[PDB]
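Novice: What follows is the file run-v9.cif, containing mmCIF, C-alpha atoms and all ligand atoms; chains and numbers go by the auth columns:
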data_input
loop_
_atom_site.group_PDB
_atom_site.id
_atom_site.type_symbol
_atom_site.label_atom_id
_atom_site.label_comp_id
_atom_site.label_asym_id
_atom_site.label_seq_id
_atom_site.Cartn_x
_atom_site.Cartn_y
_atom_site.Cartn_z
_atom_site.B_iso_or_equiv
_atom_site.auth_seq_id
_atom_site.auth_asym_id
ATOM 1 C CA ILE A 1 110.312 95.210 101.817 0.00 1 A
ATOM 2 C CA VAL A 2 111.258 95.322 105.511 0.00 2 A
ATOM 3 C CA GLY A 3 114.778 94.310 106.561 0.00 3 A
ATOM 4 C CA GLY A 4 116.018 93.917 102.981 0.00 4 A
ATOM 5 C CA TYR A 5 118.723 95.565 100.933 0.00 5 A
ATOM 6 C CA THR A 6 119.023 97.781 97.832 0.00 6 A
ATOM 7 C CA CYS A 7 118.855 95.386 94.845 0.00 7 A
ATOM 8 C CA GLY A 8 121.079 97.353 92.505 0.00 8 A
ATOM 9 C CA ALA A 9 119.744 99.198 89.466 0.00 9 A
ATOM 10 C CA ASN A 10 118.287 96.892 86.823 0.00 10 A
ATOM 11 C CA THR A 11 119.508 93.667 88.500 0.00 11 A
ATOM 12 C CA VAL A 12 115.884 92.455 88.658 0.00 12 A
ATOM 13 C CA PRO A 13 114.987 93.137 85.015 0.00 13 A
ATOM 14 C CA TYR A 14 111.603 91.351 85.151 0.00 14 A
ATOM 15 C CA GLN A 15 110.323 93.531 88.030 0.00 15 A
ATOM 16 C CA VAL A 16 107.624 96.009 87.023 0.00 16 A
ATOM 17 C CA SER A 17 105.899 98.864 88.793 0.00 17 A
ATOM 18 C CA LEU A 18 102.146 99.235 88.208 0.00 18 A
ATOM 19 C CA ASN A 19 101.249 102.934 88.095 0.00 19 A
ATOM 20 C CA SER A 20 97.832 104.607 88.299 0.00 20 A
ATOM 21 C CA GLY A 21 99.169 108.116 88.851 0.00 21 A
ATOM 22 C CA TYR A 22 101.510 106.687 91.531 0.00 22 A
ATOM 23 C CA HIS A 23 103.182 103.329 92.167 0.00 23 A
ATOM 24 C CA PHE A 24 100.683 100.944 93.769 0.00 24 A
ATOM 25 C CA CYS A 25 101.788 97.336 93.136 0.00 25 A
ATOM 26 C CA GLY A 26 104.533 95.215 91.641 0.00 26 A
ATOM 27 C CA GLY A 27 104.399 92.626 88.894 0.00 27 A
ATOM 28 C CA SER A 28 106.593 90.360 86.833 0.00 28 A
ATOM 29 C CA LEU A 29 107.223 90.440 83.096 0.00 29 A
ATOM 30 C CA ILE A 30 106.706 86.870 81.725 0.00 30 A
ATOM 31 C CA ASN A 31 106.570 87.595 77.962 0.00 31 A
ATOM 32 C CA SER A 32 107.210 90.704 75.870 0.00 32 A
ATOM 33 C CA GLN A 33 103.448 91.377 76.060 0.00 33 A
ATOM 34 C CA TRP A 34 102.381 90.044 79.472 0.00 34 A
ATOM 35 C CA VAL A 35 102.774 90.795 83.139 0.00 35 A
ATOM 36 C CA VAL A 36 101.718 88.560 86.067 0.00 36 A
ATOM 37 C CA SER A 37 100.597 90.291 89.265 0.00 37 A
ATOM 38 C CA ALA A 38 98.130 89.723 92.145 0.00 38 A
ATOM 39 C CA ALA A 39 94.373 89.871 91.530 0.00 39 A
ATOM 40 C CA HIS A 40 94.057 92.116 94.599 0.00 40 A
ATOM 41 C CA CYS A 41 96.100 94.663 92.573 0.00 41 A
ATOM 42 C CA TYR A 42 93.352 94.907 89.922 0.00 42 A
ATOM 43 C CA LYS A 43 92.288 98.425 88.907 0.00 43 A
ATOM 44 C CA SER A 44 91.391 100.241 85.717 0.00 44 A
ATOM 45 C CA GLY A 45 93.889 102.667 84.166 0.00 45 A
ATOM 46 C CA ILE A 46 97.131 100.761 84.799 0.00 46 A
ATOM 47 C CA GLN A 47 100.386 101.881 83.191 0.00 47 A
ATOM 48 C CA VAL A 48 103.131 99.248 83.366 0.00 48 A
ATOM 49 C CA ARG A 49 106.572 100.680 84.099 0.00 49 A
ATOM 50 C CA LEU A 50 109.463 98.456 83.071 0.00 50 A
ATOM 51 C CA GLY A 51 113.191 99.083 83.507 0.00 51 A
ATOM 52 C CA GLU A 52 112.696 101.058 86.718 0.00 52 A
ATOM 53 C CA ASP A 53 115.104 101.587 89.562 0.00 53 A
ATOM 54 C CA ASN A 54 114.204 104.962 91.127 0.00 54 A
ATOM 55 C CA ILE A 55 110.405 105.200 90.530 0.00 55 A
ATOM 56 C CA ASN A 56 110.480 109.000 91.085 0.00 56 A
ATOM 57 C CA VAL A 57 113.289 109.890 88.638 0.00 57 A
ATOM 58 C CA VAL A 58 113.546 109.225 84.882 0.00 58 A
ATOM 59 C CA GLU A 59 117.002 107.583 84.703 0.00 59 A
ATOM 60 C CA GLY A 60 117.036 106.445 81.065 0.00 60 A
ATOM 61 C CA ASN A 61 116.154 102.719 80.988 0.00 61 A
ATOM 62 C CA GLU A 62 112.396 102.943 81.509 0.00 62 A
ATOM 63 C CA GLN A 63 109.650 101.704 79.209 0.00 63 A
ATOM 64 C CA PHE A 64 106.149 102.976 80.130 0.00 64 A
ATOM 65 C CA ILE A 65 103.421 100.929 78.404 0.00 65 A
ATOM 66 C CA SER A 66 99.663 101.132 79.102 0.00 66 A
ATOM 67 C CA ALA A 67 97.722 97.955 79.845 0.00 67 A
ATOM 68 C CA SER A 68 95.278 96.940 77.073 0.00 68 A
ATOM 69 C CA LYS A 69 93.535 94.179 79.075 0.00 69 A
ATOM 70 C CA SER A 70 93.516 92.837 82.631 0.00 70 A
ATOM 71 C CA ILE A 71 92.408 89.243 83.378 0.00 71 A
ATOM 72 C CA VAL A 72 91.748 88.348 87.022 0.00 72 A
ATOM 73 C CA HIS A 73 91.799 84.606 87.689 0.00 73 A
ATOM 74 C CA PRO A 74 88.295 83.128 87.137 0.00 74 A
ATOM 75 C CA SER A 75 88.228 81.729 90.716 0.00 75 A
ATOM 76 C CA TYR A 76 89.806 84.665 92.580 0.00 76 A
ATOM 77 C CA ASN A 77 88.171 85.122 95.987 0.00 77 A
ATOM 78 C CA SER A 78 89.105 88.496 97.471 0.00 78 A
ATOM 79 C CA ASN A 79 87.888 87.445 100.925 0.00 79 A
ATOM 80 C CA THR A 80 90.323 84.483 101.293 0.00 80 A
ATOM 81 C CA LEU A 81 92.837 85.559 98.608 0.00 81 A
ATOM 82 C CA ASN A 82 92.592 82.099 97.100 0.00 82 A
ATOM 83 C CA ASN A 83 93.736 82.272 93.453 0.00 83 A
ATOM 84 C CA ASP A 84 95.285 85.760 93.920 0.00 84 A
ATOM 85 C CA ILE A 85 96.733 86.134 90.431 0.00 85 A
ATOM 86 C CA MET A 86 96.011 88.355 87.400 0.00 86 A
ATOM 87 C CA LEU A 87 97.455 88.732 83.921 0.00 87 A
ATOM 88 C CA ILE A 88 97.980 92.192 82.334 0.00 88 A
ATOM 89 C CA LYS A 89 98.441 92.515 78.580 0.00 89 A
ATOM 90 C CA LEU A 90 100.584 95.378 77.334 0.00 90 A
ATOM 91 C CA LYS A 91 99.345 97.674 74.535 0.00 91 A
ATOM 92 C CA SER A 92 102.693 97.128 72.728 0.00 92 A
ATOM 93 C CA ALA A 93 105.500 94.617 73.182 0.00 93 A
ATOM 94 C CA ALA A 94 108.302 95.568 75.539 0.00 94 A
ATOM 95 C CA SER A 95 111.761 95.758 74.010 0.00 95 A
ATOM 96 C CA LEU A 96 113.833 92.997 75.646 0.00 96 A
ATOM 97 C CA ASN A 97 117.561 93.593 76.531 0.00 97 A
ATOM 98 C CA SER A 98 119.725 93.499 79.696 0.00 98 A
ATOM 99 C CA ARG A 99 117.681 95.936 81.764 0.00 99 A
ATOM 100 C CA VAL A 100 114.288 94.571 80.667 0.00 100 A
ATOM 101 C CA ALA A 101 113.786 90.822 80.482 0.00 101 A
ATOM 102 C CA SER A 102 111.157 88.195 81.118 0.00 102 A
ATOM 103 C CA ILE A 103 111.264 85.699 83.991 0.00 103 A
ATOM 104 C CA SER A 104 110.625 82.013 83.293 0.00 104 A
ATOM 105 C CA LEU A 105 107.529 80.253 84.587 0.00 105 A
ATOM 106 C CA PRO A 106 108.143 77.211 86.742 0.00 106 A
ATOM 107 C CA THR A 107 107.922 73.620 85.647 0.00 107 A
ATOM 108 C CA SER A 108 107.897 72.135 89.096 0.00 108 A
ATOM 109 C CA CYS A 109 106.813 73.665 92.370 0.00 109 A
ATOM 110 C CA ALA A 110 109.541 75.040 94.651 0.00 110 A
ATOM 111 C CA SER A 111 110.906 73.178 97.628 0.00 111 A
ATOM 112 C CA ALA A 112 110.547 74.034 101.372 0.00 112 A
ATOM 113 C CA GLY A 113 113.835 75.590 102.532 0.00 113 A
ATOM 114 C CA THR A 114 114.726 77.085 99.120 0.00 114 A
ATOM 115 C CA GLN A 115 116.017 80.688 99.353 0.00 115 A
ATOM 116 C CA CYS A 116 114.030 82.974 97.090 0.00 116 A
ATOM 117 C CA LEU A 117 114.414 86.606 96.005 0.00 117 A
ATOM 118 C CA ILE A 118 111.464 88.911 96.786 0.00 118 A
ATOM 119 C CA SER A 119 111.563 92.448 95.470 0.00 119 A
ATOM 120 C CA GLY A 120 109.540 95.665 95.424 0.00 120 A
ATOM 121 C CA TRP A 121 108.999 99.327 96.241 0.00 121 A
ATOM 122 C CA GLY A 122 106.783 98.652 99.273 0.00 122 A
ATOM 123 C CA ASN A 123 107.010 99.986 102.826 0.00 123 A
ATOM 124 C CA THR A 124 110.313 99.396 104.573 0.00 124 A
ATOM 125 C CA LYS A 125 108.987 99.667 108.180 0.00 125 A
ATOM 126 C CA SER A 126 107.277 97.026 110.322 0.00 126 A
ATOM 127 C CA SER A 127 105.867 99.795 112.524 0.00 127 A
ATOM 128 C CA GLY A 128 105.149 103.025 110.743 0.00 128 A
ATOM 129 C CA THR A 129 105.641 104.026 107.111 0.00 129 A
ATOM 130 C CA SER A 130 108.528 104.769 104.795 0.00 130 A
ATOM 131 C CA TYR A 131 108.394 104.134 101.086 0.00 131 A
ATOM 132 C CA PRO A 132 111.621 103.815 99.129 0.00 132 A
ATOM 133 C CA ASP A 133 112.410 105.255 95.755 0.00 133 A
ATOM 134 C CA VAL A 134 114.804 102.509 94.609 0.00 134 A
ATOM 135 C CA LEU A 135 114.013 98.808 94.309 0.00 135 A
ATOM 136 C CA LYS A 136 114.514 96.778 97.477 0.00 136 A
ATOM 137 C CA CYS A 137 115.203 93.029 97.713 0.00 137 A
ATOM 138 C CA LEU A 138 114.984 90.306 100.362 0.00 138 A
ATOM 139 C CA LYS A 139 116.350 86.776 100.357 0.00 139 A
ATOM 140 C CA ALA A 140 113.864 84.568 102.194 0.00 140 A
ATOM 141 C CA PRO A 141 113.306 80.782 102.497 0.00 141 A
ATOM 142 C CA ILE A 142 110.111 78.948 101.692 0.00 142 A
ATOM 143 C CA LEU A 143 108.670 77.688 104.977 0.00 143 A
ATOM 144 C CA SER A 144 107.297 74.195 105.557 0.00 144 A
ATOM 145 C CA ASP A 145 103.563 73.589 104.913 0.00 145 A
ATOM 146 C CA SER A 146 103.078 72.750 108.571 0.00 146 A
ATOM 147 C CA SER A 147 104.762 75.971 109.765 0.00 147 A
ATOM 148 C CA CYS A 148 102.680 78.022 107.337 0.00 148 A
ATOM 149 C CA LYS A 149 99.474 76.388 108.578 0.00 149 A
ATOM 150 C CA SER A 150 100.498 77.009 112.213 0.00 150 A
ATOM 151 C CA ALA A 151 100.928 80.717 111.456 0.00 151 A
ATOM 152 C CA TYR A 152 97.535 81.013 109.717 0.00 152 A
ATOM 153 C CA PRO A 153 95.285 78.173 110.948 0.00 153 A
ATOM 154 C CA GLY A 154 92.377 77.455 108.639 0.00 154 A
ATOM 155 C CA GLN A 155 93.514 79.962 105.989 0.00 155 A
ATOM 156 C CA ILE A 156 96.262 78.346 103.875 0.00 156 A
ATOM 157 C CA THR A 157 95.078 76.662 100.703 0.00 157 A
ATOM 158 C CA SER A 158 97.058 74.453 98.304 0.00 158 A
ATOM 159 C CA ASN A 159 97.432 77.623 96.157 0.00 159 A
ATOM 160 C CA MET A 160 99.503 79.436 98.796 0.00 160 A
ATOM 161 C CA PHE A 161 102.887 79.145 100.462 0.00 161 A
ATOM 162 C CA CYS A 162 104.682 81.060 103.213 0.00 162 A
ATOM 163 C CA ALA A 163 108.197 82.435 102.970 0.00 163 A
ATOM 164 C CA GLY A 164 110.216 84.509 105.381 0.00 164 A
ATOM 165 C CA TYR A 165 111.248 84.483 109.004 0.00 165 A
ATOM 166 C CA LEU A 166 109.114 83.472 111.978 0.00 166 A
ATOM 167 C CA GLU A 167 111.304 85.620 114.287 0.00 167 A
ATOM 168 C CA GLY A 168 110.145 88.737 112.439 0.00 168 A
ATOM 169 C CA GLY A 169 112.171 91.653 111.064 0.00 169 A
ATOM 170 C CA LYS A 170 112.350 90.605 107.385 0.00 170 A
ATOM 171 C CA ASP A 171 109.284 90.468 105.124 0.00 171 A
ATOM 172 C CA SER A 172 107.437 91.867 102.120 0.00 172 A
ATOM 173 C CA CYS A 173 104.949 94.671 102.868 0.00 173 A
ATOM 174 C CA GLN A 174 102.222 96.990 101.487 0.00 174 A
ATOM 175 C CA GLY A 175 103.262 98.225 98.052 0.00 175 A
ATOM 176 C CA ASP A 176 105.223 95.039 97.289 0.00 176 A
ATOM 177 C CA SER A 177 101.888 93.337 96.517 0.00 177 A
ATOM 178 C CA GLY A 178 101.777 91.619 93.144 0.00 178 A
ATOM 179 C CA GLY A 179 105.584 91.435 92.841 0.00 179 A
ATOM 180 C CA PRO A 180 107.833 88.444 92.283 0.00 180 A
ATOM 181 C CA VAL A 181 109.137 85.637 94.440 0.00 181 A
ATOM 182 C CA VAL A 182 111.891 84.039 92.345 0.00 182 A
ATOM 183 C CA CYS A 183 113.474 80.739 93.293 0.00 183 A
ATOM 184 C CA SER A 184 116.165 79.048 91.243 0.00 184 A
ATOM 185 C CA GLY A 185 115.557 81.488 88.377 0.00 185 A
ATOM 186 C CA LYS A 186 111.788 80.810 88.110 0.00 186 A
ATOM 187 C CA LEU A 187 108.735 82.807 89.165 0.00 187 A
ATOM 188 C CA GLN A 188 107.389 80.661 92.023 0.00 188 A
ATOM 189 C CA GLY A 189 105.351 83.185 93.995 0.00 189 A
ATOM 190 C CA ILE A 190 103.421 86.491 93.929 0.00 190 A
ATOM 191 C CA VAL A 191 103.369 88.797 96.975 0.00 191 A
ATOM 192 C CA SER A 192 99.787 88.220 98.220 0.00 192 A
ATOM 193 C CA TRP A 193 98.907 88.683 101.925 0.00 193 A
ATOM 194 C CA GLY A 194 99.798 88.140 105.591 0.00 194 A
ATOM 195 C CA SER A 195 99.148 89.962 108.837 0.00 195 A
ATOM 196 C CA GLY A 196 101.098 93.203 108.788 0.00 196 A
ATOM 197 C CA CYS A 197 104.753 93.031 107.891 0.00 197 A
ATOM 198 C CA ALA A 198 107.718 91.481 109.638 0.00 198 A
ATOM 199 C CA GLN A 199 105.750 90.631 112.804 0.00 199 A
ATOM 200 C CA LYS A 200 106.688 87.580 114.833 0.00 200 A
ATOM 201 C CA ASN A 201 105.020 84.342 113.669 0.00 201 A
ATOM 202 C CA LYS A 202 103.248 86.057 110.745 0.00 202 A
ATOM 203 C CA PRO A 203 105.367 85.448 107.644 0.00 203 A
ATOM 204 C CA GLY A 204 104.353 86.509 104.186 0.00 204 A
ATOM 205 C CA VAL A 205 101.874 84.441 102.186 0.00 205 A
ATOM 206 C CA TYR A 206 102.433 84.050 98.441 0.00 206 A
ATOM 207 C CA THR A 207 100.368 82.817 95.504 0.00 207 A
ATOM 208 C CA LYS A 208 101.778 79.440 94.372 0.00 208 A
ATOM 209 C CA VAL A 209 102.478 80.211 90.707 0.00 209 A
ATOM 210 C CA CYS A 210 103.237 76.631 89.704 0.00 210 A
ATOM 211 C CA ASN A 211 99.519 75.802 90.108 0.00 211 A
ATOM 212 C CA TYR A 212 98.619 78.459 87.491 0.00 212 A
ATOM 213 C CA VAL A 213 100.998 77.728 84.640 0.00 213 A
ATOM 214 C CA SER A 214 98.367 75.895 82.585 0.00 214 A
ATOM 215 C CA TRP A 215 95.922 78.800 82.973 0.00 215 A
ATOM 216 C CA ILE A 216 98.613 81.362 82.139 0.00 216 A
ATOM 217 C CA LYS A 217 99.701 79.453 79.024 0.00 217 A
ATOM 218 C CA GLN A 218 96.151 78.950 77.768 0.00 218 A
ATOM 219 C CA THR A 219 95.202 82.570 78.444 0.00 219 A
ATOM 220 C CA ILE A 220 98.237 84.002 76.621 0.00 220 A
ATOM 221 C CA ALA A 221 97.566 81.662 73.711 0.00 221 A
ATOM 222 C CA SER A 222 94.053 83.104 73.273 0.00 222 A
ATOM 223 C CA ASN A 223 94.397 86.818 74.087 0.00 223 A
HETATM 224 N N1 LIG B . 103.898 90.832 104.933 0.00 1 B
HETATM 225 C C1 LIG B . 103.153 90.196 103.863 0.00 1 B
HETATM 226 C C2 LIG B . 102.238 91.168 103.137 0.00 1 B
HETATM 227 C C3 LIG B . 102.661 91.704 101.927 0.00 1 B
HETATM 228 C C4 LIG B . 101.894 92.569 101.172 0.00 1 B
HETATM 229 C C5 LIG B . 100.664 92.920 101.661 0.00 1 B
HETATM 230 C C6 LIG B . 100.208 92.389 102.876 0.00 1 B
HETATM 231 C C7 LIG B . 100.994 91.524 103.626 0.00 1 B
HETATM 232 CA CA CA B . 112.804 105.792 87.006 0.00 2 B
#
When written as structure tokens, how does the structure in this file appear?
Ligand SMILES: NCc1ccccc1
Ligand SMILES: [Ca+2]
Specialist:
Amino acid sequence: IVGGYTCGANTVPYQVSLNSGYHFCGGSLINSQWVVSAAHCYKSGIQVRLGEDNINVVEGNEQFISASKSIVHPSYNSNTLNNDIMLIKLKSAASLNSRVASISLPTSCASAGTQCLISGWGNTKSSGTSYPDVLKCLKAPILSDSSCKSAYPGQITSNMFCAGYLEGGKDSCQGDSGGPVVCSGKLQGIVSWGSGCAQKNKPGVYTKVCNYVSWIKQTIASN
């Protein structure tokens, strides 16, 4: 997250870190047994880390649970990032309390102009590299469909939305991939793609979670 702020330990209790020997992506806990992340974050050997603030120090609220199954969306296209969503099943159910909790799935799609909360352990620099230890947050508005299409002509599908700041300076970044965009207490987006981070006229692009709720529900009911 570039241009954001320190969230505060355990204030984003649905945020997870995906670990394959090191943090590599975010995700969102949606059920005691399931995490939603980006399909571009797929890899074998994922450990889900819940209850994290500092990802380099054991602070006492963590739950580390290995993935038992990963399910990339059937229509994921890694070239366009259309349908950039994946479900991860946990080997055992997380214990839910204040510091670890699920986030609700949306009923209705989110509105242009709504301020959402984006969070993660990704790079904090637009130019160069610096990776934080504690969870960072950014409040960012959903942009209009026409603005999003102007920023990325020919590339925005109905399964994507932009959020952020056309002026630059505030954005999600590498390492935030797969993490949550929460609007009015619902998971509306997944950190998906863009062109660099916090550059002028290149806001973040996010998977539009509302379009996937039927697939998520059916998949969790059968796996
Ligand atoms: N600045 C949007 C973004 C986020 C994660 C990965 C690539 C691009
Ligand atoms: Ca920790």
Novice: Report the distance between atom CA of residue A:118 and atom CA of residue A:141 in Å, rounded to one decimal place.
Specialist: 10.1 Å
Novice: Decode the PyMOL selection byres (((chain A and resi 12) around 9) and not hetatm) for the given file into explicit residues and return them as a list in words.
Specialist: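 After applying the PyMOL selection byres (((chain A and resi 12) around 9) and not hetatm), what remains is residues 7, 8, 9, 10, 11, 13, 14, 15, 51, 99, 100, 101, 119 and 135 of chain A.
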Novice: Starting from the PyMOL selection byres (((chain A and resi 87-98) around 9) and not hetatm), expand the selection into actual residues of this file and give them as JSON, numbers by chain.
Specialist: {"A": [10, 11, 13, 31, 32, 33, 34, 35, 36, 37, 38, 39, 46, 47, 48, 50, 63, 64, 65, 66, 67, 68, 69, 70, 71, 72, 73, 85, 86, 99, 100, 101, 102, 216, 219, 220, 223]}
Novice: Quick check on the file I pasted: which residues fall under the PyMOL selection byres (((not hetatm)) within 8 of (chain B and resi 1))? Write them as an mmCIF file with C-alpha atoms, in the frame of the given file.
Specialist:
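That gives us result_37.cif:
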data_model
loop_
_atom_site.group_PDB
_atom_site.id
_atom_site.type_symbol
_atom_site.label_atom_id
_atom_site.label_comp_id
_atom_site.auth_asym_id
_atom_site.auth_seq_id
_atom_site.Cartn_x
_atom_site.Cartn_y
_atom_site.Cartn_z
ATOM 1 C CA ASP A 171 109.284 90.468 105.124
ATOM 2 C CA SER A 172 107.437 91.867 102.120
ATOM 3 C CA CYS A 173 104.949 94.671 102.868
ATOM 4 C CA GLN A 174 102.222 96.990 101.487
ATOM 5 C CA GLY A 175 103.262 98.225 98.052
ATOM 6 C CA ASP A 176 105.223 95.039 97.289
ATOM 7 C CA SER A 177 101.888 93.337 96.517
ATOM 8 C CA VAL A 191 103.369 88.797 96.975
ATOM 9 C CA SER A 192 99.787 88.220 98.220
ATOM 10 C CA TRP A 193 98.907 88.683 101.925
ATOM 11 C CA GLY A 194 99.798 88.140 105.591
ATOM 12 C CA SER A 195 99.148 89.962 108.837
ATOM 13 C CA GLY A 196 101.098 93.203 108.788
ATOM 14 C CA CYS A 197 104.753 93.031 107.891
ATOM 15 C CA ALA A 198 107.718 91.481 109.638
ATOM 16 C CA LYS A 202 103.248 86.057 110.745
ATOM 17 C CA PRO A 203 105.367 85.448 107.644
ATOM 18 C CA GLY A 204 104.353 86.509 104.186
ATOM 19 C CA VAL A 205 101.874 84.441 102.186
#
Novice: Report as JSON, numbers by chain which protein, DNA and RNA residues come within 8 Å of ligand CA 2 (chain B), using all atoms listed in the file.
Specialist: {"A": [51, 52, 53, 54, 55, 56, 57, 58, 59, 60, 61, 62]}
Novice: Tell me, as a compact mmCIF listing (two decimals) with C-alpha atoms, in the frame of the given file, which residues lie within 8 Å of residue A:121, counting all atoms listed in the file; anything in the same chain fewer than 6 positions away does not count.
Specialist:
# COMPACT_ATOMS: atom_id res chain seq x y z
CA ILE A 1 110.31 95.21 101.82
CA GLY A 26 104.53 95.22 91.64
CA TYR A 131 108.39 104.13 101.09
CA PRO A 132 111.62 103.82 99.13
CA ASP A 133 112.41 105.26 95.76
CA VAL A 134 114.80 102.51 94.61
CA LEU A 135 114.01 98.81 94.31
CA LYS A 136 114.51 96.78 97.48
CA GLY A 175 103.26 98.22 98.05
CA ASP A 176 105.22 95.04 97.29
Novice: List the neighbours of residue A:114 out to 10 Å using all atoms listed in the file; skip same-chain residues closer than 5 positions along the sequence, and give me the result as a PDB file with C-alpha atoms, keeping the file's coordinate frame.
Specialist:
ATOM      1  CA  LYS A 139     116.350  86.776 100.357  1.00  0.00           C
ATOM      2  CA  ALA A 140     113.864  84.568 102.194  1.00  0.00           C
ATOM      3  CA  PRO A 141     113.306  80.782 102.497  1.00  0.00           C
ATOM      4  CA  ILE A 142     110.111  78.948 101.692  1.00  0.00           C
ATOM      5  CA  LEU A 143     108.670  77.688 104.977  1.00  0.00           C
ATOM      6  CA  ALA A 163     108.197  82.435 102.970  1.00  0.00           C
ATOM      7  CA  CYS A 183     113.474  80.739  93.293  1.00  0.00           C
ATOM      8  CA  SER A 184     116.165  79.048  91.243  1.00  0.00           C
TER       9      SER A 184
END
Novice: Report as a list in words all protein, DNA and RNA residues lying within 12 Å of residue A:146, evaluated on only C-alpha atoms, omitting residues in the same chain fewer than 3 positions from it.
Specialist: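 With the cut-off at 12 Å, the set is residues 112, 142, 143, 149, 150, 151, 152, 153, 154, 156, 157, 161 and 162 of chain A.
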Novice: As an MDAnalysis selection string, please: the residues near residue A:83 (cut-off 9 Å, all atoms listed in the file, same-chain neighbours under 6 positions excluded).
Specialist: chainID A and resid 38:39 73:77 159:160 207:208 212
Novice: Quick one: distance from atom CA of residue A:17 to atom CA of residue A:117 in Å, one decimal?
Specialist: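 Spanning atom CA of residue A:17 to atom CA of residue A:117 is a straight-line distance of 16.6 Å.
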Novice: Under the rule that only C-alpha atoms are counted, which of A:199, A:42, A:78, A:189 is the nearest residue to residue A:126?
Specialist: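 Of the candidates, the smallest distance to residue A:126 is held by A:199.
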Novice: In Å, rounded to a single decimal, give me how far atom CA of residue A:3 is from atom CA of residue A:19.
Specialist: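 Separating atom CA of residue A:19 from atom CA of residue A:3 is a distance of 24.5 Å.
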